[PDB]
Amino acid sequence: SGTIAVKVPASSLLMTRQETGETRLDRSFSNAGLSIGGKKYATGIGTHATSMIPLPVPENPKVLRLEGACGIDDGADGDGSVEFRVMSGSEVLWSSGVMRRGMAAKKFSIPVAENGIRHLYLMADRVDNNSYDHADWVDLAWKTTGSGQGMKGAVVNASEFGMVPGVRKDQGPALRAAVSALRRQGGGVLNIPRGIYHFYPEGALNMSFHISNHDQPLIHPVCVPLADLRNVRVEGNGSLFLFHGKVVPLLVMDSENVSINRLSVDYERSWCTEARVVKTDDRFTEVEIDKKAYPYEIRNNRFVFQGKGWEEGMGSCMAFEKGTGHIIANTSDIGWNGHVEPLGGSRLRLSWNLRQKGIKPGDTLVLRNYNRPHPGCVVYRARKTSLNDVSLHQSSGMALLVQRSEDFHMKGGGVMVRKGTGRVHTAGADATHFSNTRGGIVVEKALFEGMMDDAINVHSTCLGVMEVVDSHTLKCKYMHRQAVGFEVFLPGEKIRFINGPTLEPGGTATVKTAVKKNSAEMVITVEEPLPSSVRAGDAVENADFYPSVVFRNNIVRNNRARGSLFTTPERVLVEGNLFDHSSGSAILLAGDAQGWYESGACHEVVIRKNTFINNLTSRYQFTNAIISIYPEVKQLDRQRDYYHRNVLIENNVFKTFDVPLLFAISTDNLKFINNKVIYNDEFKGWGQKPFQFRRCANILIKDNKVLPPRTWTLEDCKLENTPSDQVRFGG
């Protein structure tokens, strides 16, 4: 009794990861009538393994249970094999076992209200391969009731669920049981008694979803899933969580007001491998590797790096100077994957001339490649997430990835080397990263050192317009292979058009419908007729997902590429930080519709009270000055509107060798005032002008103090398509 049909929202299809093709409602994968075991079904979801469908639970009416059935669709041309799972945010609630074509649909009835569940995940796992895995969910119904008791919070101590520190056994299942218990009491406190705890893939919650700016493995094994939670404070009590294998350590997803306090995350076997340089000459480099810390084999005289259940090849190294921990000047990525000769005694001879690149005995090579399958901490469809004194020491990708979320606060902690590991490296990519977010971002009082990329990157994802189908319909593509599939437009959200050739944001529109055709292609229908200037070759970005940014009182040091990247029109405040030997530029304002397809014009940027010490000793993409403003504009001569606007650089201290201070393209209202610049000769000078401007306007350079003393004039600026009258000075 008491069931109503589930109406699956169109937004749930856009949030679904599905391994092949399109997810359909009330039709099979093959776009025919749903049919399982010879029996027809009028309504359901036609998906294909592997897939995972997030299904929100209505607040009204009050839901007691989800009922339905599942099985292989008869439209499959062969005998597929799928395991269906109904999941909460922390546990598998029901599994079908392996289902095959011809088997009758298997029914389920899942408790919702008594588990405190407001989001379910409907997963179809491919089992072996996904050939013929046409997977149906059918007869989906909510069992509903008149009233439900409001839950009044609880304190859940993870030790009461079997979590024990100091043993190399998987503590994942215990912790996930504790999370489930806290959810069904309405949130509160999750207490973790102080200790070192181990986590492995075998007991993680296997989920399938897309993570922006990462590789796209089909399965993320989530060890600490803080998903579908409201009003939860996780008390780490200074614990250390150690991870093994390829996993997502932490996930905050479909949650509100979740905070994590006083917790550290590391891997015993890093994603990267350190080698100490022992000897060099023009043909060879001899190194030593601690094989216990970094297991490896030499296979056909090539490195094979090894962790639990994984092997990775070598692609390149980052080279770190002995004693200082700086990235060696004028190196950047050193690409190599050559002859390795074992010498015994943990010593290896590499067929590699590193001497010529400045490497010396005592230096450290961080051996790595560009693979980034899983971030350390993922925040996804979460509102008001906080990390307080959270240290993310290592990750197989970015340490912290936040996407499609609103309001995020990180205070203290950071991405730094754990004492006693002897490492110089931390994250396998960015420290923190914010892709299509909104509300306020605040990252403060943190230490970010040794990452294989920037300390922060805030941007939108812009899609390419592939075709205008009619006056209301666009075919759009996710253009970069590491930013596909996750939702970027939902019904009701606003679209901003971008003229492709000139990188000029244009008009706006409202999404009426959006259909994901596969992981890289969507069809968007807008409410009103498209502006006539919108054509194939333009781009689109979401006008509802721009965050404000406060990046303050942090230390950023000894990291690959740039210190920080910002592309958002809301206020950006970069204040009180120390950028200490960031390898590349300290700050980059980028934006493009041709390469990374990351966009978001800055309209209000304050960079004040920072200290910049000998940044930009090695060059990377776009690193033309300590502060570089480098949107990519294919036809700059034809551009009318300036991309970036109102950038204020004041009251900073630059301790720098002879390298440009400020490079900017397509920027209007750009002030470099009341800064202190102290020049040294510790690194080789570039011999270029300190200010370089390409199609800029309303530049003011005034009241700076420079040592050794000089007076800056127009002759200290390189001007390209920038009339000299647009550059003003002042005593």
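Quick note: we count residues from 1 along the sequence shown, nothing fancier.
Chemist: Taking the recorded C-alpha temperature factors, which stretch has the higher mean, 162-170 or 388-396?
Modeler: Going by the record's values, the stretch with the higher mean is 162-170.
Chemist: Per the entry, where is the mean C-alpha temperature factor higher: 708-716 or 15-23?
Modeler: Between 708-716 and 15-23, it is 708-716.
Chemist: Out of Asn337, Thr502, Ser180, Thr567, which residue has the highest Cα temperature factor in the PDB record?
Modeler: Max CA B-factor in the entry, restricted to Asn337, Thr502, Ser180, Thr567: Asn337.
Chemist: Out of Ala49, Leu700, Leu34, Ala69, whose C-alpha atom has the biggest B factor in the entry?
Modeler: The listed residue with the largest C-alpha B-factor is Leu700.
Chemist: Quick one: classify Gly376 as lowest, middle or highest third of the chain based on its Cα B-factor.
Modeler: It falls in the bottom third of the chain.
Chemist: Once the chain's modelled residues are ordered by C-alpha B factor and cut into thirds, is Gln482 in the lowest, middle or highest one?
Modeler: It belongs to the lowest third of the chain when residues are ordered by C-alpha B-factor.
Chemist: Is the Cα B-factor recorded for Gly307 in the lowest, middle or highest third of its chain?
Modeler: Its C-alpha B-factor, which the entry lists for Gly307, ranks in the highest third among residues of this chain.
Chemist: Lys684: which third of its chain by C-alpha temperature factor?
Modeler: Top third by C-alpha B-factor.
Chemist: How does the C-alpha B factor of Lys279 compare with the rest of the chain: lowest, middle or highest third?
Modeler: Its C-alpha B-factor, which the entry lists for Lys279, ranks in the highest third among residues of this chain.
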